[PDB]
Amino acid sequence: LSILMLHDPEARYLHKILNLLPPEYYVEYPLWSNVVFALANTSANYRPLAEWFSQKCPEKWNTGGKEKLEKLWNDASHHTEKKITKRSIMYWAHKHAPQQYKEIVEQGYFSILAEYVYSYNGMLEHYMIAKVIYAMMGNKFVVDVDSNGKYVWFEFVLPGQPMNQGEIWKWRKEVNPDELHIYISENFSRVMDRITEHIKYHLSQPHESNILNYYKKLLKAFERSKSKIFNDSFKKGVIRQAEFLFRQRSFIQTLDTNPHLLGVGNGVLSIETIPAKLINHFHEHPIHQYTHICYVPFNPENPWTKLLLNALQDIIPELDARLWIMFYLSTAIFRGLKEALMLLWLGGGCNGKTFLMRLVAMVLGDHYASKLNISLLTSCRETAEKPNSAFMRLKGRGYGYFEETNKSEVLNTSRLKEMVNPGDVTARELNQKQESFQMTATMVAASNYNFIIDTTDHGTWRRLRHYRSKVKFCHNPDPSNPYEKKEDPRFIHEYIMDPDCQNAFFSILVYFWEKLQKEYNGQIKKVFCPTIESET
Amino acid sequence: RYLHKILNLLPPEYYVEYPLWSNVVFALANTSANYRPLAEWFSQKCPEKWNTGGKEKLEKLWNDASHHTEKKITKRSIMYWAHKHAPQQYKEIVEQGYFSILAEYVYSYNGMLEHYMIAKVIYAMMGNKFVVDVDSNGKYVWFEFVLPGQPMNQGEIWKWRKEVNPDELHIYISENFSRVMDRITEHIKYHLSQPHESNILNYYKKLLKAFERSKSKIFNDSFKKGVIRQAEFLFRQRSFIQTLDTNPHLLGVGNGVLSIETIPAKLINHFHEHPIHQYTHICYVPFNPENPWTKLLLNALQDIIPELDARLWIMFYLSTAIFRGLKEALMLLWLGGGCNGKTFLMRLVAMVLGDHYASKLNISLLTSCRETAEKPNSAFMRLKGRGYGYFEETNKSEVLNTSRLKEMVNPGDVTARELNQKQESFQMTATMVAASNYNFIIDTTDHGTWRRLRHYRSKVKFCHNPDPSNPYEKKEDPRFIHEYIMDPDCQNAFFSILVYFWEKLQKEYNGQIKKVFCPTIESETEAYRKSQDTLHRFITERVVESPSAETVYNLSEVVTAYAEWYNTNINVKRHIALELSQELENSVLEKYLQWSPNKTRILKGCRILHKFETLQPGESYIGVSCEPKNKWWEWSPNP
Amino acid sequence: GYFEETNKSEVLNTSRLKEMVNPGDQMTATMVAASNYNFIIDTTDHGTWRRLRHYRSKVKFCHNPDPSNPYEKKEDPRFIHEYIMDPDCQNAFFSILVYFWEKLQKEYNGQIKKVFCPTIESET
Amino acid sequence: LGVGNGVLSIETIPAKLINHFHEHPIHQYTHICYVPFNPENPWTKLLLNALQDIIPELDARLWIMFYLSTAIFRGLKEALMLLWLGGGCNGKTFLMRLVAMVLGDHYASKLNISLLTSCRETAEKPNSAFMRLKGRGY
DNA sequence: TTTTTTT
Ligand SMILES: Nc1ncnc2c1ncn2[C@@H]1O[C@H](COP(=O)(O)OP(=O)(O)NP(=O)(O)O)[C@@H](O)[C@H]1O
Ligand SMILES: Nc1ncnc2c1ncn2[C@@H]1O[C@H](COP(=O)(O)OP(=O)(O)NP(=O)(O)O)[C@@H](O)[C@H]1O
Ligand SMILES: Nc1ncnc2c1ncn2[C@@H]1O[C@H](COP(=O)(O)OP(=O)(O)NP(=O)(O)O)[C@@H](O)[C@H]1O
């Protein structure tokens with residue numbers, strides 16, 4: 001719901017005061033409505049009644065009594081003879097607990113800035129306004145140091161924002177805090193103006209003995225320092241000093257490490273419990289990478305879902321083989337340690353390869369899936385200090401597919417054991433240090449003739465699976481042959497590029513993952529398919 | 001004088017106990033490199049037993065302490081002891097100590113403050129928590145000692161962490177330092193409140209105006225950058241990065257520093273002066289067999305290795321992976337058909353040791369590829385400061401070279417570079433374990449090579465579905481690799497097991513794995529060395545004692561026959577005619593090998609088969625043709 | 001400079017023997033190469049063979065059985081393990097090296113070809 | 001030619017030693033100082049006797065000395081190459097090294113026989129040693 | 001640190 005909106009820190013400021021109010025307003029009608037009326041007089045933008053619902057009980061005084069208070073708020077928002085100021089709310093907060101009121105208000109943004117202004121005679125520096133900016137904007141930005149030793153910014157993206165598609169409810173990477181710079185020359189300028197008005201009020205007080213000359217000196221110095229907010233070097237120094245306040249020590253190493261959370265085009269998909277849920281609100285899970293596909297729950301009545309299921313029935317005629325292949329491809333959405341399995345798909349001519357495997361790759365995106373070259377499997381390995389950037393193309397992804405065969409390639413079994421087992425793999429990123437990571441990828445290879453397995457040990461044959469396509473796609477020359485069917489080029493030209501088709505296929509994959517988690521205990525060896533076993 | 005006050009807050013008990021007295025004496029010797037504050041501390045603690053006499057004996061004891069204990073105790077230990085014994089008194093004195101320095105600078109420079117002044121004050125009040133040193137690239141690097149209440153990464157407690165920038169020190173300047181700066185302002189106001197006299201308040205007014213002008217520089221970014229740049233010369237310790245992780249008896253762990261200097265191993269979870277930077281994520285708990293994870297792991301260890309003596313040997317061998325010092329030149333080959341839990345053990349040891357202390361080494365470094373040592377070669381930098389290396393790759397029955405097996409096994413010195421690094425030299429300190437699926441073929445018969453090689457055969461299979469009544473085949477577990485090796489509690493239990501076995505090795509024997517008696521291992525190694533002698537097999541197979549035979553066999557004929565025999569029976573490979581001649585010369589052939597009138601080695605009679613069968617019937621051929629009772633972890637200390 | 005690592009009976013090029021022994025362009029290193037099997041010298045040049053000296057050791061250090069042959073003795077491994085890393089042993093050996101340098105400078109005029117040793121000449 | 005005591009000018013006979021201010025741009029040099037030829041110098045007499053010993057016949061000695069004297073000139077010269085052959089301990093490897101040493105690193109260089117014997121390649125490969133005789137006369 | 005060029 002975002003009861004304390006990150007774009008408005010005055011909501012948090014007022015929620016602290018509403019917590020500070022006595023608990024006599026809790027579970028009662030009359031004075032609760034009086035404070036609601038006063039708060040709507042001060043600011044009628046659905047914020048303070050939401051803070052009332054958050055801090056205190058929303059409707060414990062009367063269940064279903066929300067609409068009466070909404071109508072009272074509407075009557076307050078319309079022209080109202082009485083107009084209660086916020087000073088009544090400060091008076092009630094001071095009446096309930098003076099020391100707690102004082103302790104609450106020292107941590108506010110305005111009090112920090114005013115304390116700096118009064119204690120340093122209107123001279124404002126980088127750390128002071130960096131501290132105020134962190135106080136009022138600290139939940140939306142974060143800083144961390146990467147492997148190269150540079151401070152990197154991250155911003156949480158909210159629905160109303162000039163946002164790149166699919167970035168909502170996630171942390172996006174920033175080389176510079178673009179939003180913070182504008183905020184300093186805009187939102188911060190507004191609060192600076194409030195401090196100017198406060199100084200003018202204290203100037204309007206009587207002269208007393210000598211305080212009025214000090215007040216005019218303070219006003220002159222603060223008016224001199226107020227222009228520094230729009231200066232480029234000052235803003236750069238403020239942002240440089242703010243990197244030590246916005247710093248979170250273990251943010252980058254935690255950034256994409258939960259394999260049960262998947263960034264999607266409308267939020268974060270959580271597959272921790274069945275059924276999978278869509279987090280499209282504020283949360284504390286660090287999520288940076290995503291896929292462009294939006295998650296809609298699986299519904300077979302969707303025309304795209306129906307078309308895709310009919311296509312799946314077309315590609316694999318055997319029911320058990322179709323169920324096994326769907327269960328295997330559903331595990332591509334998981335980026336954790338999975339079972340040591342590998343599927344080899346063999347097809348003669350125009351078959352379902354490059355439509356199905358490419359569909360899985362396009363619904364998972366570049367961060368979660370990749371296309372790999374067959375030189376990683378067939379050619380002999382390179383000396384490990386050479387920076388193999390193709391081997392780094394499966395670091396944090398749960399899906400990989402090979403697609404090229406020259407003429408009955410012979411695959412290196414050492415690379416097969418290295419890239420399939422649930423262990424650690426060491427490799428060097430280009431122009432970077434040699435490092436070890438974890439194998440979390442579901443791997444599929446499509447061939448045209450065959451693969452030669454030189455060895456006959458139990459190690460390479462307990463992790464190898466084989467399937468041969470029984471359907472030939474020849475539209476023009478489609479005979480009575482049952483395994484022969486007429487093709488549509490749209491499946492390779494338009495349907496694989498269509499976002500609705502991709503959304504439907506992603507829903508199918510999530511449904512099959514949940515089916516595997518429900519019927520079995522997520523273990524794919526228990527999937528009893530005689531066709532795949534006999535072909536192997 | 002400040003340190004004299006710190007010594008004055010020390011209790012009289014520090015002269016009651018002799019070792020604590022000597023520790024403080026050595027600490028003061030590291031402070032002053034003389035005996036003047038040492039003599040002041042002698043007079044403060046005890047002016048009355050030895051009195052003036054024995055002062056030369058006190059200098060002798062100072063010289064003896066300065067050449068002892070190998071660990072530099074310095075100011076920070078005394079400051080910590082003063083905090084522990086007199087915390088409130090410790091809070092004061094220092095509170096005014098830097099306040100006075102700052103006051104001296106303010107009064108002697110008329111309130112105009114610069115980078116070096118506040119850098120000196122900041123060093124006076126944070127010198128025990130930060131350090132600066134120059135690395136190999138010529139850059140000044142900061143290190144911060146991590147305290148328990150801190151925004152701290154996991155496992156970093158009670159250690160030195162590397163900081164690109166002293167972020168904490170920057171905040172300290174705009175926060176803690178600003179507070180002491182205020183105290184100065186309150187002091188100036190007191191002087192101004194004091195009567196003007198002649199123009200003293202005029203001075204206070206001028207000094208005040210200048211100080212309030214310069215007080216706002218503490219929050220300026222360029223000023224703080226200049227202060228931090230000036231503090232790099234004050235926080236600098238000249239031998240820090242070189243000494244950073246060099247004690248092999250100290251190991252960084254997730255709850256502090258584990259010390260295996262003295263049995264039993266101790267967890268330092270308080271202040272210390274040991275330089276420790278690297279660590280493992282595993283927290284150390286003392287060994288307890290009643291723990292369910294520990295009991296499960298010990299059951300797996302008993303089930304994997306059925307004989308007790310070999311189980312004790314491999315456990316004593318793998319316990320030495322926690323030591324990063326000089327160990328015996330050893331290499332263990334574990335051979336099995338991929339159906340045993342040998343592979344479960346190596347990944348477990350690597351995971352409880354971490355990436356700083358263990359690494360995975362490909363078999364390419366032993367089989368074919370040569371060491372460059374002129375390119376970057378980041379792969380050979382993966383055993384620089386680690387105590388464990390395991391080979392977990394076998395393509396198809398790899399043949400390992402003798403040169404690499406003599407290069408990286410013996411405790412010598414090796415030289416390599418890395419990215420942005422020069423050709424630096426380091427020491428081999430890693431316990432090495434190689435997994436074999438098919439076979440390892442030792443092409444030599446060298447006495448020095450075979451003294452460092454150990455072999456043990458896997459005897460237990462594991463299968464998923466069928467699980468027959470075979471005594472040597474049991475059922476596998478889906479979790480043992482997928483869940484039980486990711487679990488932190490299982491890793492903690494296994495690390496406790498490793499520390500217990502290291503302590504057992506140090507107790508029953510003098511840390512030498514040669515003195516450990518395992519007759520099974522000796523019998524297997526002798527059998528493997530007999531099976532790896534291809535020359536003996538060739539002589540037994542193709543050379544038969546032909547009585548009254550006039551067949552003339554010069555070494556060249558034997559060399560050619562053996563070369564065909566080796567290439568045909570063993571892997572095809574090139575041979576040295578001369579070296580082969582010497583090899584066949586040193587064998588039973590000597591009995592039937594004699595010089596010729598032309599001085600040429602010849603084999604009298606002894607017709608060679610030259611083919612299958614075709615052997616001489618006459619004169620036959622030439623080639624001669626416990627139990628664990630209750631707990632297995634502990635055993636006979638003196639079998 | 002020293003060569004120690006012998007895999008299997010290394011043959012050695014006469015070119016590099018000519019290049020890296022001669023005082024060409026600057027070589028200032030005393031060079032020792034050790035082997036366990038053989039060095040294959042493929043030449044018969046007089047200029048190459050005069051810069052080569054050969055010595056064959058006559059002592060084998062036996063640990064376990066220790067027979068009573070005068071040319072084999074009982075050894076301790078500490079000489080490789082502990083005694084080479086001790087700073088006091090290193091100081092003593094450096095003192096020995098300096099003493100023998102002074103002895104060479106005194107008894108001869110710093111020329112090692114003037115040192116008379118029939119064993120080395122006979123073995124070479 | 002830059003020399004250790006100034007500039008040697010061989011534009012006219014006799015060669016002159018510029019040891020004062022001049023407008024000739026000269027950066028590289030050799031460490032050898034130039035003294036005029038004097039056969040009564042003991043080192044010069046020793047070297048002339050060594051040259052008489054190494055090459056016995058007079059005409060070949062004069063020819064080889066004339067050919068080696070053109071190493072101090074850094075311009076276009078005749079297309080010639082001398083092949084000096086011998087059995088054993090000869091005067092070779094001392095005379096050629098002497099010419100290289102008196103000319104220095106800028107004005108002379110040592111080339112390996114791999115430049116001549118074999119392994120001419122496609123010029124994608126750099127061959128790593130052909131600019132070792134960029135601007136030197138020997 | 002790569003390109004290279006190791007070959
Ligand atoms: N279920 C389907 N129904 C109808 N047409 C299909 C179906 N699946 C694929 N096609 C078409 O079949 C054609 C073959 O393309 P493609 O799938 O790339 O062949 P391929 O076997 O994967 N690769 P290749 O064998 O080298 O040509 C494409 O034009 C697709 O549009
Ligand atoms: N002590 C044990 N008792 C029973 N099963 C075990 C034990 N240790 C390991 N296993 C099982 O045996 C297998 C060992 O893991 P694995 O990664 O296959 O190494 P591996 O035996 O060498 N197989 P491979 O790498 O192909 O040679 C897993 O399935 C474990 O569940
Ligand atoms: N003029 C000379 N008078 C006497 N000795 C000389 C003279 N010139 C050279 N030598 C010596 O003769 C030896 C020949 O060595 P060197 O100058 O290398 O000729 P070389 O042909 O290269 N010998 P080699 O390397 O076997 O082919 C050296 O010891 C020289 O010092």
Side-chain angles (χ1 to χ4, degrees), chain B residues 67 70 246 248 325-330 366-368 370-371 373 399-415 427-429 442-452 510-515 522 526 559 566 573-583 585-586, chain C residues 1-14 16 19-20 29 31-44 54 56-67 69 71-91 93-94 123:
Chain B
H67 299 65
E70 297 193 356
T246 48
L326 278 185
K327 292 182 292 297
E328 272 148 353
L330 295 174
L366 295 174
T367 303
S368 307
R370 302 244 64 87
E371 197 68 82
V399 163
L400 62 80
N401 207 334
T402 282
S403 98
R404 296 286 293 172
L405 203 38
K406 274 333 315 183
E407 169 184 353
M408 91 189 327
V409 155
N410 63 333
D413 289 345
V414 309
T415 291
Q427 208 143 279
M428 201 64 47
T429 54
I442 323 290
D443 318 77
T444 166
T445 165
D446 194 1
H447 187 279
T449 295
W450 274 106
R451 262 156 55 130
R452 332 284 216 281
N510 186 340
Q512 297 116 5
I513 213 177
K514 306 256 200 156
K515 290 335 179 52
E522 312 251 330
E526 293 177 350
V559 165
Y566 188 113
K573 117 271 186 172
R574 44 105 290 121
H575 293 63
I576 299 184
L578 176 72
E579 192 177 1
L580 280 191
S581 304
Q582 306 174 119
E583 299 167 59
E585 183 70 59
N586 179 240
Chain C
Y2 70 108
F3 306 87
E4 79 313 357
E5 258 313 292
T6 38
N7 189 58
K8 261 178 94 278
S9 178
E10 295 302 320
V11 296
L12 62 80
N13 213 17
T14 325
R16 339 304 317 271
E19 296 173 1
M20 183 176 282
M31 302 258 279
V32 174
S35 178
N36 253 332
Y37 295 94
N38 264 322
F39 275 136
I40 305 296
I41 320 291
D42 318 66
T43 184
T44 176
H54 177 254
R56 160 150 286 259
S57 92
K58 340 270 198 282
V59 182
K60 162 116 180 53
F61 281 110
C62 296
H63 199 284
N64 288 40
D66 188 15
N69 199 235
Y71 270 171
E72 60 205 48
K73 311 177 183 188
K74 161 150 272 296
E75 104 277 19
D76 61 356
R78 284 138 28 164
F79 275 102
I80 277 291
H81 268 248
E82 276 79 69
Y83 280 32
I84 204 192
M85 302 276 180
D86 195 71
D88 290 286
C89 190
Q90 296 162 352
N91 296 358
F93 191 71
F94 193 77
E123 290 211 14

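Any value given below was found using the heavy atoms of this structure, including those in side chains, with hydrogens, waters and symmetry copies removed. Chain A is the first sequence line, chain B the second, and so forth, proteins listed ahead of strands; every chain is numbered from 1.
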### Query
With only heavy atoms counted, which part of B:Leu405 is less than 4.5 Å from chain C, the side chain, the backbone, both or neither?
neither

### Query
From C:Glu5 CD over to B:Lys406 NZ, what is the distance, rounded to the nearest 0.5 angstrom?
8.5 Å

### Task
Give a yes-or-no answer on whether the side chains of C:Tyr37 and B:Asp446 include a donor-acceptor pair shorter than 3.5 Å.
no

### Message
Does any backbone or side-chain atom of C:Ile40 lie under 4.5 Å from a heavy atom of chain B? Answer side chain, backbone, both or neither.
### Response
side chain

### Query
Does a side-chain N-to-carboxylate-O contact under 4.0 Å join C:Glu123 and C:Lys58?
yes

### Query
Which atoms form the tightest heavy-atom contact between C:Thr6 and C:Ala34, and what is the distance?
CG2-O, 3.7 Å

### Task
Could you look at B:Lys514 and say if it's the side chain, the backbone, both or neither that has a heavy atom under 4.5 Å from chain C?
neither

### Message
With chain C as the partner, which of B:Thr449, B:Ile576, B:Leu326 has the greatest number of non-hydrogen pairs under 4.5 Å?
### Response
B:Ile576

#### Entry: Interatomic spacing from CZ in C:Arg78 to CE in C:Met85 - rounded to 0.5 Å
16.0 Å

### Task
Measure B:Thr444 against the heavy atoms of chain C and call it side chain, backbone, both or neither at under 4.5 Å.
side chain

